[PDB]
$ cat work_17.cif   # mmCIF, C-alpha atoms; chains and numbers go by the auth columns
data_query
loop_
_atom_site.group_PDB
_atom_site.id
_atom_site.type_symbol
_atom_site.label_atom_id
_atom_site.label_comp_id
_atom_site.label_asym_id
_atom_site.label_seq_id
_atom_site.Cartn_x
_atom_site.Cartn_y
_atom_site.Cartn_z
_atom_site.B_iso_or_equiv
_atom_site.auth_seq_id
_atom_site.auth_asym_id
ATOM 1 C CA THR A 1 -22.120 -7.412 -25.908 0.00 203 A
ATOM 2 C CA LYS A 2 -23.028 -10.995 -26.803 0.00 204 A
ATOM 3 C CA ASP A 3 -24.728 -12.613 -29.777 0.00 205 A
ATOM 4 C CA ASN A 4 -28.527 -12.733 -29.730 0.00 206 A
ATOM 5 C CA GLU A 5 -28.908 -10.430 -26.696 0.00 207 A
ATOM 6 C CA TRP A 6 -29.745 -6.722 -26.613 0.00 208 A
ATOM 7 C CA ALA A 7 -30.560 -4.400 -23.711 0.00 209 A
ATOM 8 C CA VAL A 8 -32.190 -0.974 -23.874 0.00 210 A
ATOM 9 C CA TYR A 9 -31.935 2.405 -22.133 0.00 211 A
ATOM 10 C CA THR A 10 -34.242 5.394 -22.512 0.00 212 A
ATOM 11 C CA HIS A 11 -33.875 9.104 -21.814 0.00 213 A
ATOM 12 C CA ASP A 12 -36.452 11.890 -21.563 0.00 214 A
ATOM 13 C CA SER A 13 -35.141 14.830 -23.582 0.00 215 A
ATOM 14 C CA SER A 14 -38.248 16.895 -22.733 0.00 216 A
ATOM 15 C CA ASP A 15 -38.586 16.227 -18.973 0.00 217 A
ATOM 16 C CA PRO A 16 -35.335 15.328 -17.212 0.00 218 A
ATOM 17 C CA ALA A 17 -36.660 12.803 -14.680 0.00 219 A
ATOM 18 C CA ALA A 18 -34.783 10.155 -16.682 0.00 220 A
ATOM 19 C CA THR A 19 -31.607 9.312 -14.770 0.00 221 A
ATOM 20 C CA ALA A 20 -28.136 7.822 -15.322 0.00 222 A
ATOM 21 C CA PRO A 21 -28.101 4.176 -16.488 0.00 223 A
ATOM 22 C CA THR A 22 -30.287 2.919 -13.666 0.00 224 A
ATOM 23 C CA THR A 23 -32.536 -0.144 -14.045 0.00 225 A
ATOM 24 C CA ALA A 24 -32.458 -1.163 -17.721 0.00 226 A
ATOM 25 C CA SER A 25 -36.163 -1.352 -18.469 0.00 227 A
ATOM 26 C CA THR A 26 -35.885 -4.306 -20.869 0.00 228 A
ATOM 27 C CA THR A 27 -33.590 -6.830 -22.527 0.00 229 A
ATOM 28 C CA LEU A 28 -34.390 -9.038 -25.509 0.00 230 A
ATOM 29 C CA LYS A 29 -33.113 -12.429 -26.687 0.00 231 A
ATOM 30 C CA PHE A 30 -33.450 -13.907 -30.152 0.00 232 A
ATOM 31 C CA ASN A 31 -32.775 -16.866 -32.418 0.00 233 A
ATOM 32 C CA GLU A 32 -30.994 -17.732 -35.636 0.00 234 A
ATOM 33 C CA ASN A 33 -33.819 -16.491 -37.893 0.00 235 A
ATOM 34 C CA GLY A 34 -34.813 -13.682 -35.598 0.00 236 A
ATOM 35 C CA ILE A 35 -37.895 -14.154 -33.459 0.00 237 A
ATOM 36 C CA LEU A 36 -38.205 -11.982 -30.346 0.00 238 A
ATOM 37 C CA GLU A 37 -38.307 -14.341 -27.362 0.00 239 A
ATOM 38 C CA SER A 38 -38.199 -12.085 -24.282 0.00 240 A
ATOM 39 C CA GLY A 39 -38.697 -8.564 -22.969 0.00 241 A
ATOM 40 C CA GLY A 40 -41.160 -7.777 -25.728 0.00 242 A
ATOM 41 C CA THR A 41 -42.877 -5.033 -23.702 0.00 243 A
ATOM 42 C CA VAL A 42 -41.163 -2.190 -21.830 0.00 244 A
ATOM 43 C CA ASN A 43 -42.200 0.635 -19.530 0.00 245 A
ATOM 44 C CA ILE A 44 -40.527 3.953 -18.739 0.00 246 A
ATOM 45 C CA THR A 45 -41.576 7.187 -17.055 0.00 247 A
ATOM 46 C CA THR A 46 -41.220 10.729 -18.300 0.00 248 A
ATOM 47 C CA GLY A 47 -40.501 13.570 -15.975 0.00 249 A
ATOM 48 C CA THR A 48 -43.581 15.672 -15.434 0.00 250 A
ATOM 49 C CA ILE A 49 -44.399 19.336 -15.299 0.00 251 A
ATOM 50 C CA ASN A 50 -48.054 19.155 -16.370 0.00 252 A
ATOM 51 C CA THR B 1 -44.501 32.428 -8.651 0.00 203 B
ATOM 52 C CA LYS B 2 -44.402 28.699 -9.101 0.00 204 B
ATOM 53 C CA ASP B 3 -44.463 26.650 -12.233 0.00 205 B
ATOM 54 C CA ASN B 4 -48.226 26.016 -12.487 0.00 206 B
ATOM 55 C CA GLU B 5 -49.772 28.800 -10.378 0.00 207 B
ATOM 56 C CA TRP B 6 -50.803 32.397 -10.972 0.00 208 B
ATOM 57 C CA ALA B 7 -51.630 35.676 -9.246 0.00 209 B
ATOM 58 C CA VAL B 8 -53.533 38.515 -10.917 0.00 210 B
ATOM 59 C CA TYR B 9 -53.255 42.314 -10.711 0.00 211 B
ATOM 60 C CA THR B 10 -55.787 44.939 -11.798 0.00 212 B
ATOM 61 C CA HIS B 11 -55.856 48.645 -12.673 0.00 213 B
ATOM 62 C CA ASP B 12 -58.554 51.245 -13.364 0.00 214 B
ATOM 63 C CA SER B 13 -57.659 53.315 -16.413 0.00 215 B
ATOM 64 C CA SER B 14 -59.986 56.289 -15.917 0.00 216 B
ATOM 65 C CA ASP B 15 -60.442 57.222 -12.249 0.00 217 B
ATOM 66 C CA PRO B 16 -57.671 59.845 -11.851 0.00 218 B
ATOM 67 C CA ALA B 17 -57.062 58.619 -8.283 0.00 219 B
ATOM 68 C CA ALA B 18 -56.340 55.037 -9.438 0.00 220 B
ATOM 69 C CA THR B 19 -52.703 54.600 -8.521 0.00 221 B
ATOM 70 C CA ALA B 20 -51.848 51.470 -10.495 0.00 222 B
ATOM 71 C CA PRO B 21 -51.686 49.251 -7.402 0.00 223 B
ATOM 72 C CA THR B 22 -48.738 47.065 -6.462 0.00 224 B
ATOM 73 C CA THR B 23 -50.922 44.455 -4.772 0.00 225 B
ATOM 74 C CA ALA B 24 -52.163 40.976 -5.671 0.00 226 B
ATOM 75 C CA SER B 25 -55.826 41.489 -6.567 0.00 227 B
ATOM 76 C CA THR B 26 -56.581 37.768 -6.873 0.00 228 B
ATOM 77 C CA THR B 27 -54.869 34.399 -7.227 0.00 229 B
ATOM 78 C CA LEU B 28 -56.344 31.704 -9.462 0.00 230 B
ATOM 79 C CA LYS B 29 -55.728 28.284 -7.952 0.00 231 B
ATOM 80 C CA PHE B 30 -54.418 25.514 -10.197 0.00 232 B
ATOM 81 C CA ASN B 31 -53.737 21.885 -9.516 0.00 233 B
ATOM 82 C CA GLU B 32 -50.467 20.764 -11.033 0.00 234 B
ATOM 83 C CA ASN B 33 -52.728 18.979 -13.541 0.00 235 B
ATOM 84 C CA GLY B 34 -53.251 22.349 -15.221 0.00 236 B
ATOM 85 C CA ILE B 35 -56.974 22.546 -14.461 0.00 237 B
ATOM 86 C CA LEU B 36 -58.363 25.559 -12.614 0.00 238 B
ATOM 87 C CA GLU B 37 -58.697 24.361 -9.028 0.00 239 B
ATOM 88 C CA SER B 38 -60.485 27.214 -7.244 0.00 240 B
ATOM 89 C CA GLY B 39 -61.113 30.926 -7.469 0.00 241 B
ATOM 90 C CA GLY B 40 -62.862 30.477 -10.813 0.00 242 B
ATOM 91 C CA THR B 41 -65.034 33.426 -9.790 0.00 243 B
ATOM 92 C CA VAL B 42 -64.295 36.678 -7.961 0.00 244 B
ATOM 93 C CA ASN B 43 -65.637 40.231 -7.762 0.00 245 B
ATOM 94 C CA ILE B 44 -63.473 43.354 -7.979 0.00 246 B
ATOM 95 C CA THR B 45 -64.185 47.079 -7.736 0.00 247 B
ATOM 96 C CA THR B 46 -63.591 50.054 -10.026 0.00 248 B
ATOM 97 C CA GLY B 47 -62.759 53.664 -9.296 0.00 249 B
ATOM 98 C CA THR B 48 -65.268 56.494 -8.997 0.00 250 B
ATOM 99 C CA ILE B 49 -65.750 58.860 -11.942 0.00 251 B
ATOM 100 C CA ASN B 50 -67.241 62.361 -12.261 0.00 252 B
ATOM 101 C CA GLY B 51 -69.374 62.109 -9.114 0.00 253 B
ATOM 102 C CA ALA B 52 -71.199 58.994 -10.297 0.00 254 B
ATOM 103 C CA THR B 53 -70.666 55.850 -8.271 0.00 255 B
ATOM 104 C CA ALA B 54 -67.867 53.332 -8.628 0.00 256 B
ATOM 105 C CA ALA B 55 -68.749 50.097 -10.384 0.00 257 B
ATOM 106 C CA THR B 56 -68.208 46.658 -8.868 0.00 258 B
ATOM 107 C CA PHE B 57 -68.210 43.619 -11.104 0.00 259 B
ATOM 108 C CA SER B 58 -67.920 39.835 -11.128 0.00 260 B
ATOM 109 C CA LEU B 59 -65.414 37.973 -13.298 0.00 261 B
ATOM 110 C CA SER B 60 -65.132 34.275 -14.123 0.00 262 B
ATOM 111 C CA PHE B 61 -62.357 32.037 -15.451 0.00 263 B
ATOM 112 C CA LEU B 62 -64.017 28.679 -16.107 0.00 264 B
ATOM 113 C CA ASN B 63 -62.407 25.771 -17.971 0.00 265 B
ATOM 114 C CA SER B 64 -58.997 27.434 -17.939 0.00 266 B
ATOM 115 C CA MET B 65 -56.108 25.020 -18.433 0.00 267 B
ATOM 116 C CA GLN B 66 -52.371 25.250 -17.806 0.00 268 B
ATOM 117 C CA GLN B 67 -49.869 23.660 -20.145 0.00 269 B
ATOM 118 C CA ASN B 68 -46.536 21.899 -20.283 0.00 270 B
ATOM 119 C CA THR B 69 -45.228 25.164 -21.688 0.00 271 B
ATOM 120 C CA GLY B 70 -45.700 27.689 -24.428 0.00 272 B
ATOM 121 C CA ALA B 71 -49.065 29.101 -25.473 0.00 273 B
ATOM 122 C CA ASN B 72 -49.929 31.699 -22.837 0.00 274 B
ATOM 123 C CA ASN B 73 -53.418 32.343 -24.220 0.00 275 B
ATOM 124 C CA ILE B 74 -55.972 35.015 -23.377 0.00 276 B
ATOM 125 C CA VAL B 75 -58.000 37.329 -25.519 0.00 277 B
ATOM 126 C CA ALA B 76 -61.573 38.040 -24.443 0.00 278 B
ATOM 127 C CA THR B 77 -63.872 40.751 -23.082 0.00 279 B
ATOM 128 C CA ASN B 78 -67.301 39.610 -21.857 0.00 280 B
ATOM 129 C CA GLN B 79 -69.216 41.881 -19.478 0.00 281 B
ATOM 130 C CA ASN B 80 -72.872 42.634 -18.765 0.00 282 B
ATOM 131 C CA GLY B 81 -72.745 46.438 -18.507 0.00 283 B
ATOM 132 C CA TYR B 82 -73.885 49.032 -21.042 0.00 284 B
ATOM 133 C CA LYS B 83 -73.186 52.649 -21.827 0.00 285 B
ATOM 134 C CA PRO B 84 -76.349 54.736 -22.354 0.00 286 B
ATOM 135 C CA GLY B 85 -76.753 55.676 -25.991 0.00 287 B
ATOM 136 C CA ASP B 86 -78.936 56.014 -29.055 0.00 288 B
ATOM 137 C CA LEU B 87 -81.241 53.655 -30.966 0.00 289 B
ATOM 138 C CA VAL B 88 -83.038 53.597 -34.244 0.00 290 B
ATOM 139 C CA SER B 89 -84.065 50.028 -35.091 0.00 291 B
ATOM 140 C CA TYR B 90 -87.534 48.559 -35.648 0.00 292 B
ATOM 141 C CA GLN B 91 -87.585 44.805 -36.282 0.00 293 B
ATOM 142 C CA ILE B 92 -90.787 42.821 -35.805 0.00 294 B
ATOM 143 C CA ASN B 93 -89.956 39.210 -34.992 0.00 295 B
ATOM 144 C CA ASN B 94 -92.011 36.253 -36.207 0.00 296 B
ATOM 145 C CA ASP B 95 -93.071 35.577 -32.607 0.00 297 B
ATOM 146 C CA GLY B 96 -94.629 39.041 -32.598 0.00 298 B
ATOM 147 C CA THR B 97 -91.885 40.658 -30.497 0.00 299 B
ATOM 148 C CA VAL B 98 -89.785 43.767 -31.135 0.00 300 B
ATOM 149 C CA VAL B 99 -86.043 44.190 -30.615 0.00 301 B
ATOM 150 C CA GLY B 100 -83.894 47.297 -30.572 0.00 302 B
ATOM 151 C CA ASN B 101 -80.178 47.857 -31.159 0.00 303 B
ATOM 152 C CA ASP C 1 -61.218 41.772 -43.655 0.00 203 C
ATOM 153 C CA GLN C 2 -58.933 43.273 -46.282 0.00 204 C
ATOM 154 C CA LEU C 3 -57.707 46.140 -44.110 0.00 205 C
ATOM 155 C CA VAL C 4 -57.018 43.944 -41.079 0.00 206 C
ATOM 156 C CA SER C 5 -55.067 41.579 -43.326 0.00 207 C
ATOM 157 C CA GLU C 6 -53.220 44.565 -44.813 0.00 208 C
ATOM 158 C CA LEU C 7 -52.201 45.850 -41.391 0.00 209 C
ATOM 159 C CA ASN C 8 -51.143 42.331 -40.420 0.00 210 C
ATOM 160 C CA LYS C 9 -48.446 42.353 -43.101 0.00 211 C
ATOM 161 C CA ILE C 10 -46.316 44.757 -41.014 0.00 212 C
ATOM 162 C CA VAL C 11 -46.776 43.636 -37.389 0.00 213 C
ATOM 163 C CA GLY C 12 -48.371 40.602 -35.805 0.00 214 C
ATOM 164 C CA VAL C 13 -52.030 41.423 -35.161 0.00 215 C
ATOM 165 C CA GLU C 14 -54.396 38.610 -34.233 0.00 216 C
ATOM 166 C CA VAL C 15 -58.173 38.737 -34.594 0.00 217 C
ATOM 167 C CA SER C 16 -60.841 37.156 -32.398 0.00 218 C
ATOM 168 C CA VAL C 17 -64.628 37.007 -32.629 0.00 219 C
ATOM 169 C CA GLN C 18 -65.749 38.794 -29.476 0.00 220 C
ATOM 170 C CA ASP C 19 -68.786 37.413 -27.672 0.00 221 C
ATOM 171 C CA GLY C 20 -71.058 40.145 -29.027 0.00 222 C
ATOM 172 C CA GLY C 21 -69.909 39.309 -32.546 0.00 223 C
ATOM 173 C CA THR C 22 -67.442 42.191 -32.745 0.00 224 C
ATOM 174 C CA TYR C 23 -64.065 41.958 -34.473 0.00 225 C
ATOM 175 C CA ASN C 24 -61.284 42.301 -31.906 0.00 226 C
ATOM 176 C CA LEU C 25 -57.624 42.748 -32.842 0.00 227 C
ATOM 177 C CA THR C 26 -54.805 41.742 -30.490 0.00 228 C
ATOM 178 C CA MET C 27 -51.005 41.898 -30.557 0.00 229 C
ATOM 179 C CA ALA C 28 -48.446 39.295 -29.617 0.00 230 C
ATOM 180 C CA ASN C 29 -49.345 38.818 -25.963 0.00 231 C
ATOM 181 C CA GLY C 30 -52.883 40.108 -25.400 0.00 232 C
ATOM 182 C CA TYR C 31 -52.565 43.813 -26.188 0.00 233 C
ATOM 183 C CA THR C 32 -56.091 44.262 -27.524 0.00 234 C
ATOM 184 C CA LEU C 33 -55.000 46.587 -30.316 0.00 235 C
ATOM 185 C CA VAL C 34 -58.668 46.975 -31.261 0.00 236 C
ATOM 186 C CA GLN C 35 -61.181 46.121 -28.544 0.00 237 C
ATOM 187 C CA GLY C 36 -64.727 46.733 -29.677 0.00 238 C
ATOM 188 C CA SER C 37 -65.101 50.026 -31.499 0.00 239 C
ATOM 189 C CA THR C 38 -61.824 51.370 -30.100 0.00 240 C
ATOM 190 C CA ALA C 39 -58.195 51.039 -31.135 0.00 241 C
ATOM 191 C CA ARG C 40 -55.150 51.391 -28.953 0.00 242 C
ATOM 192 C CA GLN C 41 -52.335 53.643 -30.114 0.00 243 C
ATOM 193 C CA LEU C 42 -48.597 53.178 -30.334 0.00 244 C
ATOM 194 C CA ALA C 43 -45.309 55.054 -29.970 0.00 245 C
ATOM 195 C CA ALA C 44 -41.801 55.300 -31.426 0.00 246 C
ATOM 196 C CA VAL C 45 -38.822 55.929 -29.169 0.00 247 C
ATOM 197 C CA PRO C 46 -35.039 55.933 -28.654 0.00 248 C
ATOM 198 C CA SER C 47 -33.976 52.881 -26.676 0.00 249 C
ATOM 199 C CA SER C 48 -33.737 53.047 -22.892 0.00 250 C
ATOM 200 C CA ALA C 49 -30.343 51.294 -22.912 0.00 251 C
ATOM 201 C CA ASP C 50 -28.789 52.973 -25.973 0.00 252 C
#
$ encode --input "work_17.cif" --output "structure tokens"
Amino acid sequence: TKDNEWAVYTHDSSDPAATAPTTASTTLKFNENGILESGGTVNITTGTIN
Amino acid sequence: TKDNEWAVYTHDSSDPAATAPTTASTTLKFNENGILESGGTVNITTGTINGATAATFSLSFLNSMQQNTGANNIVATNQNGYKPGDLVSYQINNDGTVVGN
Amino acid sequence: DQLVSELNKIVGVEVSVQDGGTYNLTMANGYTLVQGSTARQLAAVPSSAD
């Protein structure tokens, strides 16, 4: 909801341990020709049954 | 009776007194990891037939593995007992030994 | 081989090399339709609920 910023949310459709929009695991910021300048790596967890 | 653990029930097909039992014969123990935890070996007993003795046998379940879901897999029959029966087979092995089938 | 494949084209029958080298047939959960030199046998019926 602003230029050159994007945030991300993830959901586990196979193991429902993913929750409502809790901590947003990453957000990225950019520049006028495009280069990724933050949040380049993200982590999430899947529910587990195994 | 839990996702990721199992009990096992057994029946003797031929002893006419073998009421198909209602009882847990053995439980194979599994970590949630889906790797057989304990009970990978156990011995169980048969019925008694025709005046000859009942048999009692050991069974093993090694390297069994329990999945996210889906492929409930078993087909196998490996046992060390033999029915008495007939032979005609002469085969002289290169070591100088003889085998019969 | 041909006759086991022929039978297979009606109902699901799986085949497994048994430890002694014998050709075991099995059906859809572990019903050893042929174990060793013996076959199981089957039935036709009117439904329990209708």
$ residues_near_point --input "work_17.cif" --point "(-40.0, 9.7, -15.3)" --cutoff "8 Å" --atoms "all atoms listed in the file" --output "PyMOL selection string"
chain A and resi 214+217-220+246-250
$ atom_distance --input "work_17.cif" --atom1 "atom CA of residue 211 of chain A" --atom2 "atom CA of residue 241 of chain A"
12.9 Å
$ interface_residues --input "work_17.cif" --of "chain B" --to "chain C" --cutoff "12 Å" --atoms "only C-alpha atoms" --output "count of residues only"
11
$ resolve_selection --input "work_17.cif" --expression "the PyMOL selection byres ((chain B and resi 257) around 9)" --output "PyMOL selection string"
chain B and resi 246-250+255-256+258-259
$ closest_residue --input "work_17.cif" --among "A:239, A:216, A:228, A:244" --to "chain B" --atoms "all atoms listed in the file"
A:216
$ residues_around --input "work_17.cif" --residues "residue 236 of chain A" --least-positions-apart "6" --cutoff "12 Å" --atoms "all atoms listed in the file" --output "list in words"
residues 205, 206, 207 and 230 of chain A
